[PDB]
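The file run32.tsv comes next; it holds TSV, N, CA and C atoms.
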chain	number	residue	atom	x	y	z
A	1	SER	N	56.09	-113.75	113.20
A	1	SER	CA	55.08	-112.93	112.53
A	1	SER	C	53.69	-113.53	112.69
A	2	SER	N	53.50	-114.76	112.22
A	2	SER	CA	52.16	-115.34	112.16
A	2	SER	C	51.58	-115.56	113.56
A	3	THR	N	52.36	-116.15	114.46
A	3	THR	CA	51.87	-116.48	115.79
A	3	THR	C	51.98	-115.25	116.70
A	4	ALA	N	50.84	-114.75	117.16
A	4	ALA	CA	50.80	-113.61	118.05
A	4	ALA	C	50.85	-114.09	119.50
A	5	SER	N	50.61	-113.17	120.44
A	5	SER	CA	50.59	-113.45	121.88
A	5	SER	C	51.93	-113.96	122.39
A	6	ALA	N	53.01	-113.72	121.66
A	6	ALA	CA	54.35	-114.11	122.09
A	6	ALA	C	55.08	-112.99	122.82
A	7	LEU	N	54.44	-111.84	122.99
A	7	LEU	CA	55.06	-110.70	123.66
A	7	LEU	C	54.23	-110.31	124.88
A	8	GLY	N	53.85	-111.31	125.68
A	8	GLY	CA	52.90	-111.08	126.75
A	8	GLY	C	53.37	-110.13	127.83
A	9	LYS	N	54.68	-110.12	128.12
A	9	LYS	CA	55.18	-109.37	129.26
A	9	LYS	C	54.98	-107.86	129.08
A	10	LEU	N	55.38	-107.33	127.92
A	10	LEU	CA	55.23	-105.90	127.68
A	10	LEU	C	53.77	-105.49	127.67
A	11	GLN	N	52.91	-106.29	127.03
A	11	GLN	CA	51.49	-105.98	127.00
A	11	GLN	C	50.90	-106.00	128.40
A	12	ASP	N	51.31	-106.96	129.23
A	12	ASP	CA	50.81	-107.02	130.60
A	12	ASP	C	51.25	-105.79	131.39
A	13	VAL	N	52.50	-105.37	131.23
A	13	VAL	CA	52.98	-104.19	131.95
A	13	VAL	C	52.17	-102.95	131.54
A	14	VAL	N	51.99	-102.77	130.23
A	14	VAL	CA	51.25	-101.61	129.74
A	14	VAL	C	49.81	-101.65	130.23
A	15	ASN	N	49.18	-102.83	130.19
A	15	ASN	CA	47.80	-102.96	130.64
A	15	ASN	C	47.67	-102.66	132.12
A	16	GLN	N	48.61	-103.14	132.94
A	16	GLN	CA	48.56	-102.86	134.37
A	16	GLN	C	48.68	-101.37	134.64
A	17	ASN	N	49.63	-100.70	133.98
A	17	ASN	CA	49.79	-99.27	134.19
A	17	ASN	C	48.54	-98.50	133.77
A	18	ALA	N	48.01	-98.82	132.58
A	18	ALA	CA	46.83	-98.12	132.08
A	18	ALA	C	45.63	-98.35	132.98
A	19	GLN	N	45.44	-99.59	133.45
A	19	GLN	CA	44.30	-99.90	134.30
A	19	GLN	C	44.40	-99.20	135.65
A	20	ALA	N	45.60	-99.16	136.23
A	20	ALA	CA	45.77	-98.43	137.49
A	20	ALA	C	45.46	-96.95	137.30
A	21	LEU	N	45.96	-96.36	136.21
A	21	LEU	CA	45.70	-94.94	135.97
A	21	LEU	C	44.21	-94.69	135.75
A	22	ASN	N	43.54	-95.57	135.01
A	22	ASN	CA	42.11	-95.41	134.77
A	22	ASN	C	41.31	-95.53	136.05
A	23	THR	N	41.67	-96.47	136.92
A	23	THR	CA	40.99	-96.59	138.20
A	23	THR	C	41.19	-95.33	139.04
A	24	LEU	N	42.42	-94.80	139.06
A	24	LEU	CA	42.68	-93.58	139.82
A	24	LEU	C	41.85	-92.42	139.30
A	25	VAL	N	41.78	-92.25	137.97
A	25	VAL	CA	41.04	-91.11	137.43
A	25	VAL	C	39.54	-91.30	137.61
A	26	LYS	N	39.05	-92.55	137.58
A	26	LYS	CA	37.63	-92.78	137.80
A	26	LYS	C	37.24	-92.57	139.26
A	27	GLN	N	38.18	-92.80	140.19
A	27	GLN	CA	37.90	-92.59	141.60
A	27	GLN	C	37.54	-91.14	141.91
A	28	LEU	N	37.90	-90.20	141.02
A	28	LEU	CA	37.67	-88.78	141.27
A	28	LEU	C	36.19	-88.44	141.42
A	29	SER	N	35.29	-89.27	140.91
A	29	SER	CA	33.86	-88.97	140.90
A	29	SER	C	33.12	-89.50	142.12
A	30	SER	N	33.82	-90.08	143.09
A	30	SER	CA	33.16	-90.64	144.25
A	30	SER	C	32.61	-89.53	145.15
A	31	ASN	N	31.49	-89.84	145.82
A	31	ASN	CA	30.85	-88.87	146.69
A	31	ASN	C	31.62	-88.67	147.99
A	32	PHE	N	32.17	-89.75	148.54
A	32	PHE	CA	32.97	-89.72	149.77
A	32	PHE	C	32.19	-89.16	150.96
A	33	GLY	N	30.87	-89.37	150.97
A	33	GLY	CA	30.05	-89.00	152.10
A	33	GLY	C	29.50	-87.59	152.08
A	34	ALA	N	29.88	-86.77	151.11
A	34	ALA	CA	29.39	-85.40	151.03
A	34	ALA	C	28.06	-85.38	150.29
A	35	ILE	N	27.59	-84.18	149.94
A	35	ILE	CA	26.32	-84.02	149.24
A	35	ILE	C	26.49	-83.89	147.73
A	36	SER	N	27.71	-83.68	147.24
A	36	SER	CA	27.94	-83.57	145.81
A	36	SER	C	29.35	-84.06	145.50
A	37	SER	N	29.55	-84.44	144.24
A	37	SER	CA	30.83	-84.96	143.77
A	37	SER	C	31.71	-83.90	143.13
A	38	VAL	N	31.25	-82.65	143.04
A	38	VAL	CA	32.00	-81.57	142.42
A	38	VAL	C	32.11	-80.42	143.41
A	39	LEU	N	33.32	-79.86	143.53
A	39	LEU	CA	33.56	-78.79	144.48
A	39	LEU	C	33.01	-77.45	144.01
A	40	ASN	N	32.89	-77.26	142.69
A	40	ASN	CA	32.38	-76.00	142.16
A	40	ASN	C	30.95	-75.75	142.61
A	41	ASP	N	30.09	-76.78	142.53
A	41	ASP	CA	28.72	-76.63	143.01
A	41	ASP	C	28.67	-76.46	144.52
A	42	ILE	N	29.59	-77.10	145.25
A	42	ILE	CA	29.64	-76.91	146.70
A	42	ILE	C	29.91	-75.45	147.03
A	43	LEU	N	30.85	-74.83	146.31
A	43	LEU	CA	31.09	-73.40	146.53
A	43	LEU	C	29.91	-72.55	146.08
A	44	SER	N	29.19	-72.99	145.04
A	44	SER	CA	28.12	-72.20	144.44
A	44	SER	C	26.76	-72.44	145.07
A	45	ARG	N	26.67	-73.28	146.11
A	45	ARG	CA	25.39	-73.63	146.71
A	45	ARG	C	25.35	-73.48	148.22
A	46	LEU	N	26.48	-73.51	148.91
A	46	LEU	CA	26.50	-73.52	150.37
A	46	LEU	C	27.16	-72.25	150.89
A	47	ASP	N	27.29	-72.19	152.22
A	47	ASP	CA	27.90	-71.15	153.02
A	47	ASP	C	29.10	-71.73	153.75
A	48	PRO	N	30.19	-70.98	153.90
A	48	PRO	CA	31.49	-71.57	154.28
A	48	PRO	C	31.41	-72.51	155.48
A	49	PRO	N	30.82	-72.07	156.65
A	49	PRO	CA	30.94	-72.88	157.88
A	49	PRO	C	30.64	-74.37	157.73
B	1	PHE	N	-5.82	-72.01	155.62
B	1	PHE	CA	-4.96	-73.16	155.44
B	1	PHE	C	-5.53	-74.34	156.22
B	2	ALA	N	-5.40	-75.53	155.65
B	2	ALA	CA	-5.97	-76.73	156.26
B	2	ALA	C	-5.15	-77.15	157.48
B	3	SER	N	-5.59	-78.23	158.12
B	3	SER	CA	-4.94	-78.72	159.32
B	3	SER	C	-3.67	-79.50	158.97
B	4	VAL	N	-2.96	-79.94	160.01
B	4	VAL	CA	-1.73	-80.70	159.80
B	4	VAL	C	-2.04	-82.06	159.17
B	5	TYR	N	-3.18	-82.65	159.52
B	5	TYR	CA	-3.57	-83.93	158.94
B	5	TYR	C	-3.91	-83.82	157.46
B	6	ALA	N	-4.23	-82.62	156.98
B	6	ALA	CA	-4.64	-82.38	155.60
B	6	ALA	C	-3.76	-81.30	154.97
B	7	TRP	N	-2.44	-81.45	155.12
B	7	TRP	CA	-1.51	-80.45	154.61
B	7	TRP	C	-1.68	-80.26	153.11
B	8	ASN	N	-1.66	-79.01	152.68
B	8	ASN	CA	-1.93	-78.66	151.29
B	8	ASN	C	-0.62	-78.65	150.50
B	9	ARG	N	-0.55	-79.46	149.45
B	9	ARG	CA	0.63	-79.58	148.61
B	9	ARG	C	0.36	-78.91	147.27
B	10	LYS	N	1.29	-78.06	146.83
B	10	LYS	CA	1.12	-77.29	145.62
B	10	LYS	C	2.41	-77.32	144.81
B	11	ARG	N	2.26	-77.23	143.49
B	11	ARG	CA	3.37	-77.29	142.55
B	11	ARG	C	3.66	-75.90	142.00
B	12	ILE	N	4.93	-75.52	141.97
B	12	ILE	CA	5.37	-74.24	141.42
B	12	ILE	C	6.39	-74.54	140.33
B	13	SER	N	6.12	-74.05	139.12
B	13	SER	CA	7.01	-74.28	137.99
B	13	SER	C	6.75	-73.22	136.93
B	14	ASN	N	7.74	-73.06	136.04
B	14	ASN	CA	7.65	-72.14	134.90
B	14	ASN	C	7.36	-70.71	135.36
B	15	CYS	N	8.26	-70.18	136.19
B	15	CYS	CA	8.13	-68.82	136.69
B	15	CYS	C	9.50	-68.30	137.10
B	16	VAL	N	9.60	-66.98	137.21
B	16	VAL	CA	10.83	-66.33	137.66
B	16	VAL	C	10.56	-65.82	139.07
B	17	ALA	N	10.93	-66.63	140.06
B	17	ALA	CA	10.70	-66.27	141.45
B	17	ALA	C	11.70	-65.21	141.91
B	18	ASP	N	11.39	-64.60	143.06
B	18	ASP	CA	12.27	-63.59	143.66
B	18	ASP	C	12.20	-63.78	145.17
B	19	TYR	N	13.18	-64.51	145.71
B	19	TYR	CA	13.20	-64.82	147.14
B	19	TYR	C	13.79	-63.71	147.99
B	20	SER	N	14.38	-62.68	147.37
B	20	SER	CA	14.97	-61.59	148.14
B	20	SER	C	13.91	-60.82	148.92
B	21	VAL	N	12.80	-60.48	148.25
B	21	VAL	CA	11.74	-59.73	148.92
B	21	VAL	C	11.08	-60.59	150.00
B	22	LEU	N	10.96	-61.90	149.75
B	22	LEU	CA	10.41	-62.80	150.76
B	22	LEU	C	11.33	-62.89	151.97
B	23	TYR	N	12.65	-62.92	151.76
B	23	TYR	CA	13.58	-63.00	152.87
B	23	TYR	C	13.60	-61.70	153.67
B	24	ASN	N	13.60	-60.56	152.98
B	24	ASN	CA	13.72	-59.28	153.67
B	24	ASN	C	12.51	-58.93	154.51
B	25	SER	N	11.39	-59.63	154.36
B	25	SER	CA	10.23	-59.40	155.21
B	25	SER	C	10.53	-59.83	156.64
B	26	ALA	N	10.08	-59.03	157.60
B	26	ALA	CA	10.32	-59.29	159.01
B	26	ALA	C	9.13	-59.92	159.72
B	27	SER	N	8.08	-60.29	158.98
B	27	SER	CA	6.90	-60.89	159.59
B	27	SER	C	7.07	-62.37	159.91
B	28	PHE	N	8.17	-62.99	159.49
B	28	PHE	CA	8.39	-64.41	159.72
B	28	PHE	C	8.92	-64.64	161.13
B	29	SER	N	8.23	-65.48	161.89
B	29	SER	CA	8.69	-65.81	163.24
B	29	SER	C	10.01	-66.56	163.20
B	30	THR	N	10.14	-67.54	162.30
B	30	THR	CA	11.36	-68.32	162.20
B	30	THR	C	11.68	-68.56	160.73
B	31	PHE	N	12.97	-68.54	160.40
B	31	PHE	CA	13.42	-68.77	159.02
B	31	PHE	C	14.78	-69.46	159.10
B	32	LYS	N	14.77	-70.79	159.01
B	32	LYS	CA	15.99	-71.59	159.00
B	32	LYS	C	15.95	-72.50	157.79
B	33	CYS	N	17.05	-72.54	157.03
B	33	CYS	CA	17.08	-73.30	155.80
B	33	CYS	C	18.29	-74.22	155.75
B	34	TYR	N	18.07	-75.43	155.24
B	34	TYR	CA	19.09	-76.47	155.18
B	34	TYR	C	19.56	-76.66	153.74
B	35	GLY	N	20.84	-76.99	153.59
B	35	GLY	CA	21.40	-77.34	152.30
B	35	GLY	C	21.64	-76.18	151.36
B	36	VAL	N	20.94	-75.06	151.52
B	36	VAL	CA	21.11	-73.89	150.67
B	36	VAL	C	21.12	-72.65	151.55
B	37	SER	N	22.04	-71.74	151.26
B	37	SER	CA	22.07	-70.49	152.01
B	37	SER	C	20.99	-69.54	151.48
B	38	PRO	N	20.29	-68.84	152.38
B	38	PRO	CA	19.25	-67.90	151.91
B	38	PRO	C	19.79	-66.81	151.00
B	39	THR	N	21.03	-66.38	151.21
B	39	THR	CA	21.60	-65.31	150.40
B	39	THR	C	21.80	-65.74	148.95
B	40	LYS	N	22.17	-67.00	148.72
B	40	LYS	CA	22.46	-67.50	147.38
B	40	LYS	C	21.23	-68.08	146.69
B	41	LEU	N	20.05	-67.95	147.29
B	41	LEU	CA	18.84	-68.51	146.71
B	41	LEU	C	18.43	-67.82	145.41
B	42	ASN	N	18.98	-66.66	145.10
B	42	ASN	CA	18.62	-65.91	143.91
B	42	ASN	C	19.47	-66.25	142.70
B	43	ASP	N	20.40	-67.20	142.82
B	43	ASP	CA	21.29	-67.56	141.72
B	43	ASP	C	21.10	-68.98	141.22
B	44	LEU	N	20.83	-69.94	142.10
B	44	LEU	CA	20.59	-71.31	141.67
B	44	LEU	C	19.31	-71.38	140.84
B	45	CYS	N	19.27	-72.34	139.92
B	45	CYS	CA	18.11	-72.52	139.06
B	45	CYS	C	17.67	-73.97	139.12
B	46	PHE	N	16.43	-74.20	139.54
B	46	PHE	CA	15.94	-75.51	139.91
B	46	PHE	C	15.07	-76.09	138.79
B	47	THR	N	14.44	-77.23	139.07
B	47	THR	CA	13.51	-77.86	138.13
B	47	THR	C	12.06	-77.52	138.48
B	48	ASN	N	11.66	-77.79	139.72
B	48	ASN	CA	10.32	-77.47	140.18
B	48	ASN	C	10.35	-77.30	141.69
B	49	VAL	N	9.29	-76.70	142.23
B	49	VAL	CA	9.20	-76.37	143.64
B	49	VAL	C	7.94	-77.02	144.21
Translate the structure described by the file into structure tokens.
Amino acid sequence: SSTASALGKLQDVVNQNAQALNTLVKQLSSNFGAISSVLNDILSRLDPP
Amino acid sequence: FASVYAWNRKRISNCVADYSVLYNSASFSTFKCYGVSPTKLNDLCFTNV
């Protein structure tokens, strides 16, 4: 009870999973060389070709 | 209009423009536009010109 940090393995697993998921979801905002980071504005501003 | 060395720069803001009538005029020798399609110019809303 008194001494914490004795359950490191489960916390590490949860932290790794959460951090990987957060990195994946944050990657969605990258420009990737285009002119905008959102496809809706690309459809609403350009011409197909 | 002044020369190329003294190009005249002007600010356009706080107005409701209408580019359709400007586009439909046939007096323009050349009309090529980048990044925005001329047809969709009547829907986007900008900050200043």
Could you list, as JSON, numbers by chain, the residues of chain A having an atom within 6 Å of chain B when counting all atoms listed in the file? {"A": [45, 46, 47]}
With a distance cut-off of 7 Å and only N, CA and C atoms, select the neighbouring residues of residue B:19, excluding the residue or stretch itself and same-chain residues fewer than 4 positions from it, and output the selection as JSON, numbers by chain. {"B": [23, 24, 41, 42]}
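Distance-wise, atom CA of residue A:34 and atom CA of residue B:49 end up 23.3 Å apart.
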Taking the backbone alone, and naming residues the way the document does, which bits of chain B are helix (DSSP H, G or I) by DSSP, as a list in words?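 Everything in chain B that counts as helix (DSSP H, G or I) is residues 4, 5, 6, 19, 20, 21, 22, 23, 24, 38, 39, 40, 41 and 42 of chain B.
When atom N of residue A:40 is paired with atom N of residue A:25, their separation reads 18.1 Å.
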Would you mind reading off the distance between atom N of residue B:1 and atom C of residue B:46, one decimal, in Å?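 These two atoms are separated by 27.1 Å.
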So that I can see what lies close to residue A:27, please list as a list in words the residues with an atom at most 12 Å from it, counting only C-alpha atoms and leaving out residues fewer than 6 positions away in the same chain. residues 20, 21 and 37 of chain A
Show which residues sit within 12 Å of residue B:10, as a ChimeraX atom specification. Count only C-alpha atoms, and ignore same-chain residues fewer than 2 positions away. /B:7-8,12-13,48-49
